[PDB]
file data-v3.json (JSON, C-alpha atoms and all ligand atoms)
[["chain", "number", "residue", "atom", "x", "y", "z"],
["A", 1, "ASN", "CA", -15.77, -9.50, 18.26],
["A", 2, "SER", "CA", -17.77, -8.27, 21.26],
["A", 3, "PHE", "CA", -18.47, -4.75, 20.08],
["A", 4, "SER", "CA", -20.71, -2.74, 22.46],
["A", 5, "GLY", "CA", -22.36, 0.70, 22.35],
["A", 6, "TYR", "CA", -22.10, 1.24, 18.61],
["A", 7, "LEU", "CA", -24.73, 3.04, 16.54],
["A", 8, "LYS", "CA", -25.71, 1.07, 13.41],
["A", 9, "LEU", "CA", -25.66, 3.42, 10.38],
["A", 10, "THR", "CA", -26.25, 0.83, 7.62],
["A", 11, "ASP", "CA", -26.57, -2.94, 7.58],
["A", 12, "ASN", "CA", -22.74, -3.26, 7.56],
["A", 13, "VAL", "CA", -21.36, 0.06, 9.07],
["A", 14, "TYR", "CA", -21.36, 0.87, 12.81],
["A", 15, "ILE", "CA", -19.86, 3.85, 14.66],
["A", 16, "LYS", "CA", -18.80, 4.73, 18.22],
["A", 17, "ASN", "CA", -17.17, 7.67, 20.06],
["A", 18, "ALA", "CA", -14.13, 5.75, 21.36],
["A", 19, "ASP", "CA", -10.34, 5.34, 21.31],
["A", 20, "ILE", "CA", -9.56, 2.51, 18.86],
["A", 21, "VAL", "CA", -6.79, 1.28, 21.22],
["A", 22, "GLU", "CA", -9.22, 0.88, 24.15],
["A", 23, "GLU", "CA", -11.74, -0.81, 21.80],
["A", 24, "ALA", "CA", -9.11, -3.29, 20.58],
["A", 25, "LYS", "CA", -8.22, -4.20, 24.22],
["A", 26, "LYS", "CA", -11.92, -4.74, 25.15],
["A", 27, "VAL", "CA", -13.13, -6.42, 21.98],
["A", 28, "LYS", "CA", -10.08, -8.48, 20.86],
["A", 29, "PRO", "CA", -11.32, -8.21, 17.24],
["A", 30, "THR", "CA", -10.20, -10.53, 14.50],
["A", 31, "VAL", "CA", -8.85, -7.45, 12.59],
["A", 32, "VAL", "CA", -7.84, -4.00, 13.71],
["A", 33, "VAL", "CA", -7.08, -1.43, 11.00],
["A", 34, "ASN", "CA", -4.07, 0.87, 11.37],
["A", 35, "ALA", "CA", -4.18, 4.30, 9.66],
["A", 36, "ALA", "CA", -0.64, 3.78, 8.29],
["A", 37, "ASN", "CA", 1.83, 5.57, 5.98],
["A", 38, "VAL", "CA", 3.73, 3.85, 3.13],
["A", 39, "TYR", "CA", 6.90, 3.09, 5.17],
["A", 40, "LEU", "CA", 4.92, 1.81, 8.18],
["A", 41, "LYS", "CA", 6.60, 4.36, 10.52],
["A", 42, "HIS", "CA", 4.14, 4.63, 13.39],
["A", 43, "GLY", "CA", 5.38, 8.03, 14.63],
["A", 44, "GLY", "CA", 2.21, 9.63, 16.01],
["A", 45, "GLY", "CA", -1.56, 9.76, 15.89],
["A", 46, "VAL", "CA", -3.54, 6.62, 15.93],
["A", 47, "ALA", "CA", -0.55, 4.51, 14.41],
["A", 48, "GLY", "CA", 1.75, 5.64, 17.22],
["A", 49, "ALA", "CA", -0.95, 4.80, 19.79],
["A", 50, "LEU", "CA", -1.55, 1.28, 18.41],
["A", 51, "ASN", "CA", 2.26, 0.67, 18.28],
["A", 52, "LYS", "CA", 2.71, 1.90, 21.89],
["A", 53, "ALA", "CA", -0.03, -0.49, 23.06],
["A", 54, "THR", "CA", 2.08, -3.38, 21.58],
["A", 55, "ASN", "CA", 5.19, -2.07, 23.47],
["A", 56, "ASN", "CA", 6.87, -1.38, 20.10],
["A", 57, "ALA", "CA", 6.47, -4.98, 18.75],
["A", 58, "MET", "CA", 4.38, -3.62, 15.83],
["A", 59, "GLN", "CA", 7.17, -1.20, 14.76],
["A", 60, "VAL", "CA", 9.88, -3.94, 14.74],
["A", 61, "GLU", "CA", 7.65, -6.29, 12.71],
["A", 62, "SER", "CA", 6.77, -3.40, 10.33],
["A", 63, "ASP", "CA", 10.46, -2.54, 9.75],
["A", 64, "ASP", "CA", 11.16, -6.20, 8.91],
["A", 65, "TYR", "CA", 8.17, -6.27, 6.44],
["A", 66, "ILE", "CA", 9.42, -3.08, 4.68],
["A", 67, "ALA", "CA", 12.97, -4.44, 4.38],
["A", 68, "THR", "CA", 11.75, -7.56, 2.52],
["A", 69, "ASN", "CA", 8.79, -6.16, 0.59],
["A", 70, "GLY", "CA", 9.44, -2.45, 0.10],
["A", 71, "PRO", "CA", 6.92, 0.36, 0.89],
["A", 72, "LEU", "CA", 3.20, 0.18, 0.34],
["A", 73, "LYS", "CA", 1.43, 2.27, -2.29],
["A", 74, "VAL", "CA", -1.02, 5.02, -1.28],
["A", 75, "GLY", "CA", -4.41, 3.28, -1.30],
["A", 76, "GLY", "CA", -2.79, -0.10, -0.51],
["A", 77, "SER", "CA", -2.45, -2.34, 2.53],
["A", 78, "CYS", "CA", -0.73, -5.29, 4.15],
["A", 79, "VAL", "CA", -1.78, -7.84, 6.83],
["A", 80, "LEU", "CA", 0.59, -8.25, 9.80],
["A", 81, "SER", "CA", 0.22, -9.57, 13.34],
["A", 82, "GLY", "CA", -2.35, -7.97, 15.64],
["A", 83, "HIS", "CA", -0.08, -8.67, 18.66],
["A", 84, "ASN", "CA", -2.05, -8.18, 21.93],
["A", 85, "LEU", "CA", -4.72, -6.06, 20.18],
["A", 86, "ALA", "CA", -6.28, -8.32, 17.58],
["A", 87, "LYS", "CA", -5.57, -11.55, 15.61],
["A", 88, "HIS", "CA", -4.39, -9.38, 12.65],
["A", 89, "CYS", "CA", -3.58, -5.76, 11.94],
["A", 90, "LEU", "CA", -4.55, -4.50, 8.48],
["A", 91, "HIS", "CA", -2.22, -1.56, 7.79],
["A", 92, "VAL", "CA", -4.08, 0.73, 5.29],
["A", 93, "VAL", "CA", -2.63, 3.83, 3.64],
["A", 94, "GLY", "CA", -5.25, 6.50, 2.95],
["A", 95, "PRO", "CA", -4.16, 9.58, 0.92],
["A", 96, "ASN", "CA", -2.63, 12.46, 2.86],
["A", 97, "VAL", "CA", -4.23, 15.39, 1.03],
["A", 98, "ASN", "CA", -2.25, 17.83, 3.22],
["A", 99, "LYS", "CA", 0.83, 16.38, 1.41],
["A", 100, "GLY", "CA", -0.70, 16.53, -2.09],
["A", 101, "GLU", "CA", -1.96, 12.96, -2.46],
["A", 102, "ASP", "CA", -5.12, 12.31, -4.52],
["A", 103, "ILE", "CA", -8.41, 12.14, -2.56],
["A", 104, "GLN", "CA", -9.71, 9.64, -5.16],
["A", 105, "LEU", "CA", -7.36, 7.04, -3.56],
["A", 106, "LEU", "CA", -9.63, 7.01, -0.48],
["A", 107, "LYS", "CA", -11.97, 4.59, -2.36],
["A", 108, "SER", "CA", -8.92, 2.26, -3.04],
["A", 109, "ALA", "CA", -7.99, 2.55, 0.65],
["A", 110, "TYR", "CA", -11.46, 1.44, 1.92],
["A", 111, "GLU", "CA", -11.62, -1.35, -0.71],
["A", 112, "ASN", "CA", -8.88, -3.18, 1.31],
["A", 113, "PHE", "CA", -11.43, -3.67, 4.11],
["A", 114, "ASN", "CA", -13.49, -6.00, 1.85],
["A", 115, "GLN", "CA", -10.93, -8.83, 2.22],
["A", 116, "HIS", "CA", -11.94, -9.25, 5.93],
["A", 117, "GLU", "CA", -15.37, -10.24, 7.23],
["A", 118, "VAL", "CA", -15.29, -8.09, 10.44],
["A", 119, "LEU", "CA", -12.99, -5.10, 11.25],
["A", 120, "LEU", "CA", -12.43, -2.48, 13.94],
["A", 121, "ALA", "CA", -11.22, 0.65, 12.10],
["A", 122, "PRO", "CA", -10.50, 4.38, 12.32],
["A", 123, "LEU", "CA", -11.89, 6.99, 9.87],
["A", 124, "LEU", "CA", -9.38, 6.94, 6.97],
["A", 125, "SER", "CA", -7.52, 10.09, 5.87],
["A", 126, "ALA", "CA", -9.17, 12.20, 8.63],
["A", 127, "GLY", "CA", -7.27, 14.30, 11.22],
["A", 128, "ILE", "CA", -3.96, 15.64, 9.96],
["A", 129, "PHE", "CA", -4.23, 13.59, 6.71],
["A", 130, "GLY", "CA", -6.60, 16.43, 5.72],
["A", 131, "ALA", "CA", -9.61, 14.71, 4.08],
["A", 132, "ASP", "CA", -13.07, 16.03, 4.92],
["A", 133, "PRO", "CA", -14.21, 13.53, 7.60],
["A", 134, "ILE", "CA", -17.87, 13.60, 6.41],
["A", 135, "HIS", "CA", -16.61, 12.73, 2.90],
["A", 136, "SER", "CA", -14.50, 9.86, 4.38],
["A", 137, "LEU", "CA", -17.57, 8.41, 6.13],
["A", 138, "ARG", "CA", -19.58, 8.61, 2.84],
["A", 139, "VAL", "CA", -16.78, 6.76, 0.95],
["A", 140, "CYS", "CA", -16.69, 4.11, 3.71],
["A", 141, "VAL", "CA", -20.47, 3.54, 3.53],
["A", 142, "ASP", "CA", -20.46, 3.35, -0.29],
["A", 143, "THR", "CA", -17.36, 1.13, -0.58],
["A", 144, "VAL", "CA", -17.15, -1.30, 2.33],
["A", 145, "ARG", "CA", -19.40, -4.37, 2.03],
["A", 146, "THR", "CA", -18.02, -6.38, 4.96],
["A", 147, "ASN", "CA", -18.84, -5.53, 8.61],
["A", 148, "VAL", "CA", -16.97, -2.46, 9.83],
["A", 149, "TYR", "CA", -17.00, -0.95, 13.32],
["A", 150, "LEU", "CA", -15.65, 2.63, 13.21],
["A", 151, "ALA", "CA", -14.07, 4.08, 16.38],
["A", 152, "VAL", "CA", -13.79, 7.87, 16.27],
["A", 153, "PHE", "CA", -11.90, 9.30, 19.26],
["A", 154, "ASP", "CA", -13.59, 12.74, 19.39],
["A", 155, "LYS", "CA", -17.16, 13.30, 20.59],
["A", 156, "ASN", "CA", -17.43, 16.56, 18.58],
["A", 157, "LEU", "CA", -16.51, 14.79, 15.33],
["A", 158, "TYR", "CA", -18.70, 11.75, 16.18],
["A", 159, "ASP", "CA", -21.74, 14.01, 16.62],
["A", 160, "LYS", "CA", -21.06, 15.87, 13.34],
["A", 161, "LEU", "CA", -20.67, 12.53, 11.45],
["A", 162, "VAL", "CA", -23.91, 11.05, 12.83],
["A", 163, "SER", "CA", -25.88, 14.26, 12.16],
["A", 164, "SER", "CA", -24.57, 14.21, 8.55],
["A", 165, "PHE", "CA", -25.43, 10.51, 7.94],
["A", 166, "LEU", "CA", -28.95, 11.01, 9.29],
["A", 167, "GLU", "CA", -29.86, 14.14, 7.22],
["A", 201, "LIG", "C1", -2.27, 9.32, 22.15],
["A", 201, "LIG", "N1", -3.39, 8.61, 21.55],
["A", 201, "LIG", "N2", -3.99, 7.59, 22.25],
["A", 201, "LIG", "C2", -4.96, 7.15, 21.46],
["A", 201, "LIG", "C3", -5.04, 7.89, 20.26],
["A", 201, "LIG", "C4", -6.01, 7.75, 19.18],
["A", 201, "LIG", "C5", -6.21, 8.54, 18.06],
["A", 201, "LIG", "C6", -7.39, 8.03, 17.41],
["A", 201, "LIG", "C7", -8.16, 8.35, 16.26],
["A", 201, "LIG", "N3", -7.77, 9.37, 15.44],
["A", 201, "LIG", "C8", -8.49, 9.79, 14.24],
["A", 201, "LIG", "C9", -7.63, 9.61, 13.00],
["A", 201, "LIG", "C10", -8.10, 8.89, 11.91],
["A", 201, "LIG", "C11", -7.28, 8.73, 10.80],
["A", 201, "LIG", "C12", -6.00, 9.26, 10.82],
["A", 201, "LIG", "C13", -5.61, 9.96, 11.97],
["A", 201, "LIG", "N4", -6.38, 10.11, 13.04],
["A", 201, "LIG", "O1", -4.39, 10.55, 12.05],
["A", 201, "LIG", "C14", -3.67, 10.66, 10.79],
["A", 201, "LIG", "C15", -3.80, 9.35, 10.02],
["A", 201, "LIG", "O2", -5.18, 9.09, 9.74],
["A", 201, "LIG", "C16", -9.13, 11.21, 14.40],
["A", 201, "LIG", "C17", -8.06, 12.27, 14.73],
["A", 201, "LIG", "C18", -9.86, 11.60, 13.11],
["A", 201, "LIG", "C19", -10.13, 11.16, 15.56],
["A", 201, "LIG", "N5", -9.25, 7.61, 15.95],
["A", 201, "LIG", "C20", -9.55, 6.57, 16.76],
["A", 201, "LIG", "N6", -8.92, 6.18, 17.87],
["A", 201, "LIG", "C21", -7.85, 6.94, 18.16],
["A", 201, "LIG", "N7", -6.99, 6.77, 19.23],
["A", 201, "LIG", "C22", -4.00, 8.81, 20.35],
["A", 201, "LIG", "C23", -3.51, 9.77, 19.42],
["A", 201, "LIG", "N8", -3.16, 10.54, 18.65]]
call {"tool": "encode", "arguments": {"input": "data-v3.json", "output": "structure tokens", "more": "lines below"}}
Ligand SMILES: Cn1ncc(-c2cc3c(N[C@H](c4ccc5c(n4)OCCO5)C(C)(C)C)ncnc3[nH]2)c1C#N
result
Amino acid sequence: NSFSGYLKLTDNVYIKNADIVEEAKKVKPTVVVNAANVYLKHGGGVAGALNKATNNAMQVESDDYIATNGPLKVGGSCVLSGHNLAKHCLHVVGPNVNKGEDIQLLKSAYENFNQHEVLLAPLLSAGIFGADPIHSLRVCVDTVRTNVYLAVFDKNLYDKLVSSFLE
């Protein structure tokens, strides 16, 4: 858990302008969070990037999990192998408000982080999932009680998030 160059926002939330994949390779965290969908199909965005960094091992394991257990619920999660990126990957489904899912489920989504003492994570429901990223950061800060290190791979968004937190 050798996190470096983060800005501490609260006693348990840290943030950095970084690619979560590159962070996972450097840090070797105990848990990396995947911004997943309910069928664990890592087809693009940050899920596709984490899967590609495992040379598709994450996708094969995910397909096997879905066959036995069925899909996740929106707001839910599962723990699978971290492969070469972490000890464990916590696959979390935030709501996709661009597809009509309820933004209130973002609190349920961040509540999954509280089962793990230290996590490397992306900003849930942001990007093409359509949530307001400032609102996602506020829900993270108000919900997560364990130690979370947020990697946001966009300097423009990072600066807007920090300037909002510090108002
Ligand atoms: C080809 N490639 N290599 C690396 C990455 C990469 C993306 C990425 C990231 N994306 C954030 C995010 C966060 C929650 C998302 C989402 N995206 O997409 C819908 C699902 O929910 C965002 C957009 C807000 C900055 N955040 C952190 N590290 C990251 N690495 C990619 C891609 N794509």
call {"tool": "residues_near_ligand", "arguments": {"input": "data-v3.json", "ligand": "ligand LIG 201 (chain A)", "cutoff": "10 Å", "atoms": "only C-alpha atoms and all ligand atoms", "output": "MDAnalysis selection string"}}
result
chainID A and resid 16:24 34:37 42:50 52:53 92:96 120:133 136 150:158
call {"tool": "closest_residue", "arguments": {"input": "data-v3.json", "among": "A:80, A:31, A:60, A:85", "to": "residue 115 (chain A)", "atoms": "all atoms listed in the file"}}
result
A:31
call {"tool": "atom_distance", "arguments": {"input": "data-v3.json", "atom1": "CA of residue 69 (chain A)", "atom2": "CA of residue 88 (chain A)"}}
result
18.2 Å
call {"tool": "residues_near_point", "arguments": {"input": "data-v3.json", "point": "(0.9, -7.7, 5.4)", "cutoff": "10 Å", "atoms": "only C-alpha atoms", "output": "ChimeraX atom specification"}}
result
/A:62,65-66,69,72,77-81,88-92
call {"tool": "atom_distance", "arguments": {"input": "data-v3.json", "atom1": "CA of residue 9 (chain A)", "atom2": "CA of residue 143 (chain A)"}}
result
13.9 Å
call {"tool": "residues_around", "arguments": {"input": "data-v3.json", "residues": "residue 144 (chain A)", "least_positions_apart": "5", "cutoff": "9 Å", "atoms": "all atoms listed in the file", "output": "short mmCIF file (atom, residue, chain, number, x, y, z; two decimals) with C-alpha atoms, keeping the file's coordinate frame"}}
result
data_model
loop_
_atom_site.label_atom_id
_atom_site.label_comp_id
_atom_site.auth_asym_id
_atom_site.auth_seq_id
_atom_site.Cartn_x
_atom_site.Cartn_y
_atom_site.Cartn_z
CA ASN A 12 -22.74 -3.26 7.56
CA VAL A 13 -21.36 0.06 9.07
CA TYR A 110 -11.46 1.44 1.92
CA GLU A 111 -11.62 -1.35 -0.71
CA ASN A 112 -8.88 -3.18 1.31
CA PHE A 113 -11.43 -3.67 4.11
CA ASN A 114 -13.49 -6.00 1.85
CA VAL A 139 -16.78 6.76 0.95
#
call {"tool": "residues_around", "arguments": {"input": "data-v3.json", "residues": "residue 164 (chain A)", "least_positions_apart": "6", "cutoff": "10 Å", "atoms": "all atoms listed in the file", "output": "number ranges by chain"}}
result
A: 134-135, 137-138, 158
call {"tool": "atom_distance", "arguments": {"input": "data-v3.json", "atom1": "CA of residue 148 (chain A)", "atom2": "CA of residue 63 (chain A)"}}
result
27.4 Å
call {"tool": "residues_around", "arguments": {"input": "data-v3.json", "residues": "residue 118 (chain A)", "least_positions_apart": "2", "cutoff": "8 Å", "atoms": "all atoms listed in the file", "output": "list in words"}}
result
residues 1, 29, 30, 31, 116, 120, 146, 147, 148 and 149 of chain A
call {"tool": "closest_residue", "arguments": {"input": "data-v3.json", "among": "A:162, A:105, A:140, A:74", "to": "residue 38 (chain A)", "atoms": "all atoms listed in the file"}}
result
A:74
call {"tool": "closest_residue", "arguments": {"input": "data-v3.json", "among": "A:108, A:68, A:51, A:2", "to": "residue 84 (chain A)", "atoms": "all atoms listed in the file"}}
result
A:51
call {"tool": "closest_residue", "arguments": {"input": "data-v3.json", "among": "A:97, A:109, A:87, A:54", "to": "residue 73 (chain A)", "atoms": "only C-alpha atoms"}}
result
A:109
call {"tool": "decode", "arguments": {"input": "data-v3.json", "residues": "region 126-146 of chain A", "atoms": "N, CA, C and O atoms", "output": "PDB file, in the first residue's frame"}}
result
ATOM      1  N   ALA A 126     -19.043   8.109 -12.449  1.00  0.00           N
ATOM      2  CA  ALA A 126     -18.611   9.267 -13.234  1.00  0.00           C
ATOM      3  C   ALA A 126     -18.385   8.824 -14.707  1.00  0.00           C
ATOM      4  O   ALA A 126     -18.772   7.710 -15.118  1.00  0.00           O
ATOM      5  N   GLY A 127     -17.863   9.732 -15.535  1.00  0.00           N
ATOM      6  CA  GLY A 127     -17.668   9.432 -16.945  1.00  0.00           C
ATOM      7  C   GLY A 127     -19.003   9.159 -17.607  1.00  0.00           C
ATOM      8  O   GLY A 127     -20.033   9.777 -17.263  1.00  0.00           O
ATOM      9  N   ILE A 128     -19.019   8.150 -18.456  1.00  0.00           N
ATOM     10  CA  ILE A 128     -20.220   7.834 -19.238  1.00  0.00           C
ATOM     11  C   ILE A 128     -21.334   7.147 -18.421  1.00  0.00           C
ATOM     12  O   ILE A 128     -22.416   6.929 -18.943  1.00  0.00           O
ATOM     13  N   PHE A 129     -21.116   6.865 -17.117  1.00  0.00           N
ATOM     14  CA  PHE A 129     -22.228   6.463 -16.248  1.00  0.00           C
ATOM     15  C   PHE A 129     -23.085   7.686 -15.879  1.00  0.00           C
ATOM     16  O   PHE A 129     -24.192   7.497 -15.361  1.00  0.00           O
ATOM     17  N   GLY A 130     -22.613   8.921 -16.142  1.00  0.00           N
ATOM     18  CA  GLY A 130     -23.508  10.069 -16.115  1.00  0.00           C
ATOM     19  C   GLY A 130     -23.748  10.777 -14.807  1.00  0.00           C
ATOM     20  O   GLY A 130     -24.499  11.764 -14.823  1.00  0.00           O
ATOM     21  N   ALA A 131     -23.254  10.279 -13.661  1.00  0.00           N
ATOM     22  CA  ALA A 131     -23.439  11.031 -12.398  1.00  0.00           C
ATOM     23  C   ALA A 131     -22.577  12.297 -12.428  1.00  0.00           C
ATOM     24  O   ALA A 131     -21.538  12.389 -13.132  1.00  0.00           O
ATOM     25  N   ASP A 132     -23.027  13.301 -11.661  1.00  0.00           N
ATOM     26  CA  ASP A 132     -22.226  14.514 -11.504  1.00  0.00           C
ATOM     27  C   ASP A 132     -21.002  14.144 -10.686  1.00  0.00           C
ATOM     28  O   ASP A 132     -21.162  13.650  -9.558  1.00  0.00           O
ATOM     29  N   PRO A 133     -19.780  14.305 -11.219  1.00  0.00           N
ATOM     30  CA  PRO A 133     -18.594  13.815 -10.481  1.00  0.00           C
ATOM     31  C   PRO A 133     -18.371  14.520  -9.140  1.00  0.00           C
ATOM     32  O   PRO A 133     -17.876  13.896  -8.175  1.00  0.00           O
ATOM     33  N   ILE A 134     -18.764  15.815  -9.033  1.00  0.00           N
ATOM     34  CA  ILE A 134     -18.637  16.487  -7.713  1.00  0.00           C
ATOM     35  C   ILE A 134     -19.579  15.798  -6.712  1.00  0.00           C
ATOM     36  O   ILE A 134     -19.164  15.471  -5.587  1.00  0.00           O
ATOM     37  N   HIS A 135     -20.806  15.487  -7.158  1.00  0.00           N
ATOM     38  CA  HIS A 135     -21.745  14.777  -6.279  1.00  0.00           C
ATOM     39  C   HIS A 135     -21.151  13.390  -5.882  1.00  0.00           C
ATOM     40  O   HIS A 135     -21.207  13.020  -4.700  1.00  0.00           O
ATOM     41  N   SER A 136     -20.553  12.659  -6.834  1.00  0.00           N
ATOM     42  CA  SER A 136     -19.951  11.365  -6.469  1.00  0.00           C
ATOM     43  C   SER A 136     -18.864  11.500  -5.393  1.00  0.00           C
ATOM     44  O   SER A 136     -18.833  10.696  -4.442  1.00  0.00           O
ATOM     45  N   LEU A 137     -18.009  12.545  -5.502  1.00  0.00           N
ATOM     46  CA  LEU A 137     -16.989  12.741  -4.482  1.00  0.00           C
ATOM     47  C   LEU A 137     -17.640  13.031  -3.100  1.00  0.00           C
ATOM     48  O   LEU A 137     -17.175  12.540  -2.064  1.00  0.00           O
ATOM     49  N   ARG A 138     -18.701  13.866  -3.078  1.00  0.00           N
ATOM     50  CA  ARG A 138     -19.393  14.174  -1.824  1.00  0.00           C
ATOM     51  C   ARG A 138     -19.982  12.906  -1.196  1.00  0.00           C
ATOM     52  O   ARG A 138     -19.849  12.707   0.023  1.00  0.00           O
ATOM     53  N   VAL A 139     -20.604  12.033  -2.030  1.00  0.00           N
ATOM     54  CA  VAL A 139     -21.145  10.765  -1.488  1.00  0.00           C
ATOM     55  C   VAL A 139     -20.012   9.903  -0.958  1.00  0.00           C
ATOM     56  O   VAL A 139     -20.141   9.320   0.139  1.00  0.00           O
ATOM     57  N   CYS A 140     -18.893   9.817  -1.661  1.00  0.00           N
ATOM     58  CA  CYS A 140     -17.724   9.059  -1.170  1.00  0.00           C
ATOM     59  C   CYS A 140     -17.283   9.553   0.220  1.00  0.00           C
ATOM     60  O   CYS A 140     -17.137   8.767   1.176  1.00  0.00           O
ATOM     61  N   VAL A 141     -17.062  10.853   0.331  1.00  0.00           N
ATOM     62  CA  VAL A 141     -16.597  11.439   1.596  1.00  0.00           C
ATOM     63  C   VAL A 141     -17.584  11.170   2.740  1.00  0.00           C
ATOM     64  O   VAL A 141     -17.154  10.927   3.886  1.00  0.00           O
ATOM     65  N   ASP A 142     -18.894  11.245   2.451  1.00  0.00           N
ATOM     66  CA  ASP A 142     -19.890  11.093   3.511  1.00  0.00           C
ATOM     67  C   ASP A 142     -20.178   9.644   3.853  1.00  0.00           C
ATOM     68  O   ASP A 142     -20.777   9.378   4.891  1.00  0.00           O
ATOM     69  N   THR A 143     -19.799   8.694   2.977  1.00  0.00           N
ATOM     70  CA  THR A 143     -20.183   7.298   3.144  1.00  0.00           C
ATOM     71  C   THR A 143     -19.055   6.372   3.552  1.00  0.00           C
ATOM     72  O   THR A 143     -19.242   5.414   4.341  1.00  0.00           O
ATOM     73  N   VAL A 144     -17.891   6.548   2.925  1.00  0.00           N
ATOM     74  CA  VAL A 144     -16.752   5.661   3.178  1.00  0.00           C
ATOM     75  C   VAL A 144     -16.079   6.040   4.469  1.00  0.00           C
ATOM     76  O   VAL A 144     -15.796   7.233   4.695  1.00  0.00           O
ATOM     77  N   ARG A 145     -15.862   5.045   5.333  1.00  0.00           N
ATOM     78  CA  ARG A 145     -15.211   5.235   6.641  1.00  0.00           C
ATOM     79  C   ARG A 145     -13.846   4.569   6.708  1.00  0.00           C
ATOM     80  O   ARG A 145     -13.029   4.966   7.504  1.00  0.00           O
ATOM     81  N   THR A 146     -13.564   3.639   5.812  1.00  0.00           N
ATOM     82  CA  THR A 146     -12.259   3.020   5.685  1.00  0.00           C
ATOM     83  C   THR A 146     -11.371   3.931   4.806  1.00  0.00           C
ATOM     84  O   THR A 146     -11.818   4.983   4.308  1.00  0.00           O
TER      85      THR A 146
END
